[PDB]
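Novice: Next up is a structure, given as structure tokens.
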Amino acid sequence: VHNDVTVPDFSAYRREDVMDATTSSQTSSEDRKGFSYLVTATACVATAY
Amino acid sequence: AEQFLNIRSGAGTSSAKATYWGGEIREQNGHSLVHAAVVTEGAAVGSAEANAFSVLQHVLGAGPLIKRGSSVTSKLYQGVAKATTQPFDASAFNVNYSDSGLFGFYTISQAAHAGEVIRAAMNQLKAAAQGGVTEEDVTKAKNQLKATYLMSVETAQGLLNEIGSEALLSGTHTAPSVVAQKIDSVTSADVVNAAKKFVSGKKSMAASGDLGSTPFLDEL
Amino acid sequence: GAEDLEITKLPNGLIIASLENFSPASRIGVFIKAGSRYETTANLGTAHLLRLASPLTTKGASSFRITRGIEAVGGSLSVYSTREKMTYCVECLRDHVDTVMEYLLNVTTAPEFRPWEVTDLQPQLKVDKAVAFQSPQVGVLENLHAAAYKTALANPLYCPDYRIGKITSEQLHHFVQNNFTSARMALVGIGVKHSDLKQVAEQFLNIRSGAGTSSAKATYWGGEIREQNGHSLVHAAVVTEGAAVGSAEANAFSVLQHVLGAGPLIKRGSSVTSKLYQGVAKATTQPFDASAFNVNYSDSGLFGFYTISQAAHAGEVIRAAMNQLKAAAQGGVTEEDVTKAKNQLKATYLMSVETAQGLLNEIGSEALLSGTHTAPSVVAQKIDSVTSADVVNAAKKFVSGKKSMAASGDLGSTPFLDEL
Amino acid sequence: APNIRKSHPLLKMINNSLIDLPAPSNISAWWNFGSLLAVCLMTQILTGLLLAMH
Amino acid sequence: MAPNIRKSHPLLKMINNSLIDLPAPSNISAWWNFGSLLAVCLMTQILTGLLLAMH
Amino acid sequence: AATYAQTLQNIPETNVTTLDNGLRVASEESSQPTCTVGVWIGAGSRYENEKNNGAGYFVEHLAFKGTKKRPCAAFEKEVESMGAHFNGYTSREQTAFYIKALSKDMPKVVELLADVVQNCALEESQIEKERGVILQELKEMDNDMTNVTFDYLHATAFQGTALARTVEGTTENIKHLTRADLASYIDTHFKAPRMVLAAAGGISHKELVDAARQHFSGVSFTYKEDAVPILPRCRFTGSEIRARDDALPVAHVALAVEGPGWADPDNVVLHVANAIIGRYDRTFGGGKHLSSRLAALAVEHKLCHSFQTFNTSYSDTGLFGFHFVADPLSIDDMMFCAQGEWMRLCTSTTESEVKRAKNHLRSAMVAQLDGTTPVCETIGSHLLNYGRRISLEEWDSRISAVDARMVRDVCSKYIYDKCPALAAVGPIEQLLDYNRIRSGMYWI
Amino acid sequence: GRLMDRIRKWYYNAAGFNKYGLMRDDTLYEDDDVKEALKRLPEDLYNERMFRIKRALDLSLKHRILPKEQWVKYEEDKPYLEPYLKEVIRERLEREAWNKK
Ligand code: HEM
Ligand code: HEM
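Chains as they are written, first to last, in the UniProt record's numbering: chain Z, 77 to 125; chain V, 222 to 441; chain U, 22 to 441; chain X, 2 to 55; chain D, 1 to 55; chain L, 1 to 444; chain E, 10 to 110.
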């Protein structure tokens, strides 16, 4: 039955800030996206050059 | 058959006895034509009471012998004819099974007239169950039956069917003259009695079409 | 605030009920004497299709404006109907009554049933009917009324298959013109002042007086319809002609109902106060359910029990439900069981009216098949005024009368009406 | 599919635009210039190449 | 016609069914990168080539 | 006659009086002969741990199988015989046992309640029966896709935390849970400070609180006893879980972002927002004329069999999203259109849309107080969640302050560019890539 | 007035679709409104328009016309679709207007 189903542990891959199960991931969200998006934005600048 | 056949011996699973219910099943489907069949427990196969019905069958009438023709030799038909004005068809229904059978009539007719038509087919059965059978009607039928039987075996198919049927539910072959001797050896009474058994027994009815004007088994 | 329940009765016979409970919401309705009961083999289903057709264009409002307009104020609009009554109601906040009313009036009195709109809609009957039949509960009930009768009530509540797509704008029009007549309709209305609901019914409700088509008397057949379909669970319903609406014998059955047991009051609980249940419980070992079935119609009624059970045990289960009815018809009823039931019934009745829905239903039901409102204390006086005998007699009438049975599932071990 | 004129990834394209393609029964001569324009084009390219080689 | 114009449009539909909504094995390696390179490579040749042919 | 504005003020107020043992008693007195009273407890699977998961459910199954002062047969018979209805439930963060009877029995009812929450029999023989029954309900509920789906949505949206567990618990837990554990659970969670006696119908607040004092005794000694425990927070994770089975007739998909939690005012706007998107289902007669754009599209393009928006709240968090049911080959277009509507919410809402959305939402809140049980459910919950009752008069004041500009700001704040949690069950091959879905979270 | 009530009869013959046995409404360009309108036509009016049209097409491929006797006469031309088409547009305009509101 579906009650016996649980998501495996993604510790091995989670980023540092969303590693602790008792802490809101929202606080660190703007950070995690602003970084990935910063990389991307840079790629554009480099390509636009 | 011998040095070849192998799934064998015994009679395995045995069919449960044929209990009789006597229900009435109706099917409203819109069809301009209503089909109806009212029957009662008939006779089993290999039974003496069989021939009797088969005969009452031909007497009441079962199947035309003249293309686009009217059936005078058919009381049931002729009866219903007088009853309605529009097209229809009515016949003597008869099935013989190992441990039971079914007998009665089957009628096709315009929805609005299945009422008068089914009644007619009934009255013509009560009327026949009350000695309404000439000693000649019994003679005519007996011929129609022996003919029908004899013709039904010209076919490679019909023949093998006939032969095999016996060889299975018997183990022998009743000569054609014997089946003839069995058929005409049916009194004018056996017939009327058969008819009785019908007007008395518990009837079960099946009907399908625009049944809006079709009667229920308990209204016959 | 807290008072009254006026109820005028206009020239043409149009009854108008009303009651202000100052609820932040109104709920107006149009009750009518119409249903699959007035259907003839020639126009079957036209009742059903008429039900789904509520949102189609009307002379006053369009298919578009009806739905948009109502939703614009957080309104609603539905059509509930039995085999003999159709209700068209709408809910909304107090301040939008007048607005939502337009479409209500328009829908029930001025439909147009445009050929195309009607053609595009019919395929819906196939769907609508498909979700309903998801509950076997609804399958045997259809086939019951078919074995319990020869007409009117014998007519199915959901358009038969062969007729999907074959209904016509005519049939709908005629059906409406022959039944939605002022002398068969009632305009009830919780959450509003009587003068207002009255003024509405007046200047607007056009389709006037008449009684039009009259339903053919409810003949009783007493047939048995079986449906072998493989389901691991067999549903069975055995009944007899019972009481009719407004019958003196009605209150008697309703009581024998609760006595035999009809519906649990404790979640996942056993019903001890249910003889029928308790009886069948002792009979089988595996899961099941059994209840007292009771329907009250204008010119007739149905009464008996309904049972759900594992195929292989429907035999022992149905018998049990029977014996417990014979046993009850032979004085197997304590003077206390009659007391308990009477309470369960008064409670049930009283709870059934907390709902804006349940209330309007109650009020309107009377205002249509009567023209008055039986005070709650009066209905209570009528209920406990039922002897321990009336009950046992009701029971008898059942063990004696001609029974009609409907069952569907793996009926391999299910008994025939004549083996009970 | 039965005939290779409909199944084949290429013939299928040739078929749905030059063989089994649905056309009005009444188009006149004014509808002949499309193909001409096309043919005309293939001709220019062909003669043009031949000229470009010199 | 269809909800999103990426599937209905006679042209975008073609771009979509071959570069966006096109089904690809989840495990193709780098050896499957040469197709696009070949293609890109070809556009580059034509582009530089024309620029050279003009002189 | 009277206006909506006024009918809203003349609504009898809700009385709340705390006892000494910490229990709170509240009720709304009507003119009705019938009534409903019960106890709403701040307990649930969220309060469970990995080894007692499902105890609170196992308890709900025994709660009615008799107490010590009066065993099974007696209990049931006593309740039935008075025409009263006993029912209750248990979610992730809230349990409840309530009764429907005549305002007359109001006091005798209260005694029964108190007897259940305080004196559950927990008959060793009964436990071995409900164990078999619960195991049955699990196999049944397993066939209800909509719940298998929402369970999975939690199982991942809150993966690795308490909110990740199902209310019915696990198979193991149920096969081994003990009289001890059940006992413990009850003694650990069912306690006055964490309970609320709610009543609605024809009842004297004073008669209620009186009968209350008399039956709810258990007076705490230490401070620990009358302290309401704060729960460890649950972390939301953008992610998906795909339970595929092409053998199922239709597919279910649910997508959601993290919610604000009971206390946040924004929840009002969020609900106004879901009002704009709404819900659909093949039987809605309004058809292609429905005001809900997604519903119209759903109709026009035969996008689904049904769909619903939702704003499931919790103490400290919540789930804001949607769930639709479709045929294997229309999953993508539906998802596409849906996410599309969310983007519209953040970028181009119209006053017309909010105006209507508000009227819908009003009629909605009102429809939640249509009966004694539903008004009691509200009271039990409000106290438990907001620490007080919120009158329709209030809800309406807040709802009326909401406008386009506002809806856009809120939705953007909770939806725009977020990494959602996705749960998919059935023949879901056509719905694909978390990446593609994530990208549907931005640019209108 | 009955002034252009002549001009019309003039133009009607000027055009000449009636030489093909087509009704005025038969020659309408099938845009969106006209397409919906046609879906509402009763079975019989629909098949009649269909034959008329297919007939005209056959005449066009053949480069012929109908004998003068068979030409539709100005006063006998059936505006069979105009009624439906007019409503279809109103309905539309209702919606269009309501969605701005
Ligand atoms: C759309 C198709 C084409 C058009 C409209 C076209 C037209 C012309 C025109 C206007 C001339 C001037 C001829 C004269 O009066 O002397 C010309 C010259 C020329 N075209 Fe094209 N041409 C076409 C395609 C091509 C192509 C595809 C090639 C070969 C790749 C080509 C190669 C030439 C050459 C070599 C000349 C110079 C020789 C001459 O003057 O006849 N053309 N073309
Ligand atoms: C498949 C694409 C092509 C390949 C593989 C290719 C290859 C070459 C090669 C091998 C050379 C010799 C370069 C050197 O070593 O000097 C060359 C020369 C040349 N190609 Fe291409 N070429 C391609 C396309 C084009 C195109 C499309 C044009 C323009 C229509 C073009 C115009 C020229 C010109 C003008 C030269 C002479 C200038 C030079 O020697 O660099 N090429 N190309």
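Using N, Cα and C, we set each Cβ at its ideal position, and we do this for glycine too.
1) Counting Cβ pairs, one atom from each stretch, are 3 or more of them under 8 Å apart for the segment 37 to 47 of chain L and the segment 197 to 208 of chain L?
2) Pick helix, strand or coil for residue 122/U, following the three-state DSSP scheme.
3) Cβ closer than 8 Å: which chain U residues qualify as neighbours of residue 10/L?
4) Thinking C-alpha only, which one of 280/U, 71/U and 327/U is nearest residue 191/U?
5) Using a Cβ-Cβ cutoff of 7 Å, what residues of the segment 239 to 254 of chain U are near chain V? List them in chain order.
6) Name, please, each residue of chain X whose Cβ falls closer than 8 Å to the Cβ of residue 90/E.
7) To the nearest angstrom, report how far apart residue 122/L and residue 133/L are at their CA atoms.
8) Residues in the same chain with beta-carbon distance under 7 Å from residue 356/U, minus the five sequence neighbours each way, listed in chain order, please.
9) Using C-beta distances below 6 Å, list every residue in its chain close to residue 13/U, excluding the 5 sequence neighbours before and after it, in chain order.
10) Got a sec: does ligand 2 put a non-hydrogen atom nearer than 7 Å to the Cβ of residue 46/X?
11) If you count every other CB in all the chains shown that lies within 10 Å of the CB of residue 32/U, and 16 or more means buried, which is it?
12) Indicate whether at least one CB of chain U lies closer than 8 Å to the CB of residue 81/L.
13) Quick check on residue 438/V: does DSSP put it in helix, strand or coil?
14) What did DSSP end up calling residue 357/U once you bin it into helix, strand or coil?
15) Please list the residues of the segment 238 to 261 of chain L that have a C-beta atom closer than 7 Å to any C-beta atom in chain Z, keeping them in chain order.
16) Please return the same chain residues whose Cβ sits closer than 8 Å to the Cβ of residue 273/U, not counting the five positions on each side in sequence.
17) Show which residues of chain L have a CB atom less than 7 Å away from the CB atom of residue 97/Z.
18) Would you mind telling me which residues of chain L sit closer than 7 Å to residue 372/U, beta carbon to beta carbon, in chain order?
19) Could you tell me whether the Cβ of residue 26/X comes closer than 8 Å to any Cβ of chain E?
20) Should residue 224/U be labelled buried (16 or more other beta-carbon atoms within 10 Å of its own) or exposed?
21) Quick one: residues in its chain with C-beta nearer than 7 Å to the C-beta of residue 247/U, no 5 flanking neighbours on either side, listed in chain order?
22) Helix, strand or coil for residue 93/L, going by three-state DSSP, please let me know.
23) Tell me whether residue 49/X, by its Cβ, gets closer than 7 Å to a heavy atom of ligand 1.
24) Would the beta-carbon of residue 316/U fall within 8 Å of that of residue 424/U?
25) Apart from the five residues on each side of it in sequence, which residues of its chain come closer than 8 Å, Cβ to Cβ, to residue 2/U?
26) Which residue's Cα is closest to the Cα of residue 416/L: 302/L, 348/L and 312/L?
27) Under the DSSP definition of a beta bridge, which residues are partnered with residue 40/L?
28) Compute the beta-carbon to beta-carbon distance between residue 35/U and residue 226/U, rounded to the nearest angstrom, for a pair I have assumed lies under 8 Å.
29) For residue 110/E, is the classification buried or exposed, using 16 other Cβ atoms within 10 angstroms of its Cβ as the cut-off for buried?
30) Any beta-carbon of chain U closer than 8 Å to the one on residue 389/L?
31) Whose Cβ in chain L lies nearer than 7 Å to the Cβ of residue 80/Z?
32) Is it buried or exposed for residue 143/L, if we count other Cβ within 10 angstroms and need 16 for buried?
33) Using a beta-carbon distance below 8 Å, is residue 150/U in contact with chain V?
34) Taking DSSP's pairing of strands, which residues face residue 149/L in a bridge?
35) Name the chain E residues whose beta carbon is nearer than 7 Å to that of residue 83/U?
36) Locate the beta strand (DSSP E) running through residue 112/U, then write down its first and last residues.
Specialist: This is what the structure gives:
1) Output reads yes: the segment 197 to 208 of chain L touches the segment 37 to 47 of chain L.
2) For the purposes of this step, residue 122/U is taken as residue 101 along the third sequence, with counting starting at 1. Assigned with DSSP and collapsed to three states, residue 122/U falls in helix.
3) Position 10 of the sixth sequence, counting from 1, holds the residue named residue 10/L. Result: 22 and 43.
4) Against the third sequence, residue 191/U aligns to sequence position 170. Minimum Cα distance to residue 191/U is reached at 71/U.
5) Cβ contacts with chain V: 242, 244 and 245.
6) Residue 90/E sits at position 81 when you count from the first residue of the seventh sequence. Contact annotation for residue 90/E against chain X: no contact, minimum CB-CB distance about 22 Å [criterion: below 8 Å].
7) Looking up residue 122/L in the sixth sequence gives position 122. Looking up residue 133/L in the sixth sequence gives position 133. Taking the straight line from one Cα to the other gives about 15 Å.
8) The residue given as residue 356/U occupies position 335 in the third sequence. Within the same chain, residue 356/U has close Cβ partners 409.
9) Limits of chain U in this structure are 22 at one end and 441 at the other, which puts residue 13/U out of reach.
10) Position 45 of the fourth sequence, counted from the start, is the residue given in the question as residue 46/X. Distance from the C-beta of residue 46/X to the nearest heavy atom of ligand 2 is not below 7 Å.
11) Taking the third sequence and counting its residues from 1, one reaches residue 32/U at position 11. Classification for residue 32/U: exposed.
12) As a working mapping, residue 81/L is identified with position 81 in the sixth sequence. For residue 81/L, a Cβ of chain U is located within less than 8 Å of the residue's own Cβ.
13) Numbered from its first residue, the second sequence carries residue 438/V at position 217. Note: residue 438/V maps to helix in three-state DSSP.
14) Taking the first residue of the third sequence as 1, we reach residue 357/U at position 336. Here DSSP, grouped into helix, strand and coil, assigns residue 357/U to coil.
15) Flagged, chain order: 241 and 258.
16) Along the third sequence, read from residue 1 onward, the residue named residue 273/U stands at position 252. For residue 273/U, where only same-chain residues beyond five positions count, the Cβ hits under 8 Å are 264, 407, 411, 412, 414 and 415.
17) As a working note, residue 97/Z is residue 21 in the first sequence. 160, 161 and 235, listed in chain order.
18) Sequence index remark: in the third sequence, residue 372/U carries index 351 (1-based). Within 7 Å Cβ-Cβ: 34 and 100.
19) Locating residue 26/X in the fourth sequence gives position 25, counting from the first residue. Among the CB atoms of chain E, one or more fall inside 8 Å of the CB of residue 26/X.
20) Here residue 224/U corresponds to residue number 203 of the third sequence, with the count starting at 1. Counting Cβ neighbours within 10 Å, residue 224/U comes out exposed, since fewer than 16 surround it.
21) Counting from one through the third sequence, the residue named residue 247/U turns up at place 226. Contacts found: 428 and 432.
22) Position 93 of the sixth sequence, counted from the start, is the residue given in the question as residue 93/L. The answer is coil: DSSP assigns residue 93/L none of H, G, I, E or B.
23) Counting from one through the fourth sequence, the residue named residue 49/X turns up at place 48. For ligand 1, at least one heavy atom lies less than 7 Å from the Cβ of residue 49/X.
24) For this step, residue 316/U is matched to residue 295 along the third sequence. For this step, residue 424/U is matched to residue 403 along the third sequence. Residue 316/U is not a Cβ neighbour of residue 424/U, given a cutoff of 8 Å.
25) Residue 2/U lies beyond the stretch modelled for chain U, which goes from 22 to 441, so this question has no answer here.
26) In the sixth sequence, counting from the first residue as 1, residue 416/L sits at position 416. With distances taken between Cα atoms, residue 416/L lies closest to 348/L.
27) Locating residue 40/L in the sixth sequence gives position 40, where the first residue counts as 1. Per DSSP, 96/L and 196/L.
28) Locating residue 35/U in the third sequence gives position 14, counting from the first residue. Locating residue 226/U in the third sequence gives position 205, counting from the first residue. Going by Cβ atoms, the distance from residue 35/U to residue 226/U rounds to 6 Å, so yes, they are a contact pair.
29) As a working note, residue 110/E is residue 101 in the seventh sequence. Around the Cβ of residue 110/E, a 10 Å sphere holds fewer than 16 other Cβ atoms; the residue is exposed.
30) The residue given as residue 389/L occupies position 389 in the sixth sequence. With respect to chain U, the C-beta atom of residue 389/L has no partner C-beta closer than 8 Å.
31) Counting from one through the first sequence, the residue named residue 80/Z turns up at place 4. Result: 170 and 171.
32) Taking the first residue of the sixth sequence as 1, we reach residue 143/L at position 143. Its Cβ having fewer than 16 others within 10 Å, residue 143/L is exposed.
33) Locating residue 150/U in the third sequence gives position 129, counting from the first residue. Cβ-Cβ to chain V under 8 Å: no for residue 150/U.
34) Walking along the sixth sequence from the start, residue 149/L turns up at place 149. When DSSP reads this structure, residue 149/L sits in no beta bridge, so it has no partner.
35) Within the third sequence, residue 83/U is the residue found at index 62, counting from 1. Result: 100 and 103.
36) Here residue 112/U is taken as the residue at index 91 of the third sequence, counted from 1. For residue 112/U, the uninterrupted beta strand (DSSP E) segment begins and ends at 107 to 114.
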